[PDB]
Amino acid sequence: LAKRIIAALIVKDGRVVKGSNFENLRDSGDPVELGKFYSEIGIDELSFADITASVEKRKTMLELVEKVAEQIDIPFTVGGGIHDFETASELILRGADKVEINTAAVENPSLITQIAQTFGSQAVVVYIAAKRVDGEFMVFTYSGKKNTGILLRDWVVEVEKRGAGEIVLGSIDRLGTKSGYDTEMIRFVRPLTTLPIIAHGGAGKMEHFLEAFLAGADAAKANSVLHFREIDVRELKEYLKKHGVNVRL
């Protein structure tokens, strides 16, 4: 019933893509050092998205979750190119608390159930990339390239039915725009599912977070606005608690 602030880091070959602005770390491109720092200053969870050349990807993603699990204590999700049960399983066993799946889940919905039966719904996070097309919310796969023809409304329902723990709701429209979260999309989805909704795409200033939590989101995923300190984590939670948002310290 508390809201969460989730720091999201894109990584490739064990490196924070386009790094960060905290000069106070020996390495501002070290995902591990950044992520532990974010944990100290009050990030509620981490989320790593790997985009490594698929040849060294599997080894590289397991290297990362191991390195991370050694140094941090808050939940963290790992995602990106996870296509089957065994890849998710070894990533969780190696340290990750949850995995984030999207395209594999749309093509094979039972993949949500298979991961959940062994690691529990809490470990399965489904990323839903939606966009408005002819007045309807549509689900997109392959990093935005494929309109699946599936309605957001139906996918959200099926994703809970299959046993997902949480849903990351990405507004494609708003991705990388600093214009605010797609609160219209969030309000559309909110009554369709009992699951936690993690809002992604559009953050630019602290009030967007208030707007998003007012819309019904249980958490907020945030990317470059964090790393380039266009928003401070402490000021944000200050702000939201001040205006009645139930955040943790």
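Numbers follow the displayed sequence, beginning with 1.
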Entry B factor averaged over C-alpha atoms, 58 to 66 against 23 to 31: higher for 23 to 31
Between 174 to 182 and 114 to 122, point out the one with the higher average CA B-factor as the PDB entry records it. 174 to 182
At the C-alpha atoms, which of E160, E86, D73, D97 reaches the highest B-factor in this entry? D73
Sorting the chain's modelled residues by C-alpha B-factor and splitting them into thirds places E107 in the lowest
Where does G81 sit by CA temperature factor within its chain: lowest, middle or highest third? middle
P196 - which third its CA temperature factor falls in, relative to the rest of the chain: lowest
What third of its chain, lowest, middle or highest, does the C-alpha temperature factor of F48 fall into? lowest
Temperature factor at the Cα of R190, chain-ranked in thirds, falls in the lowest
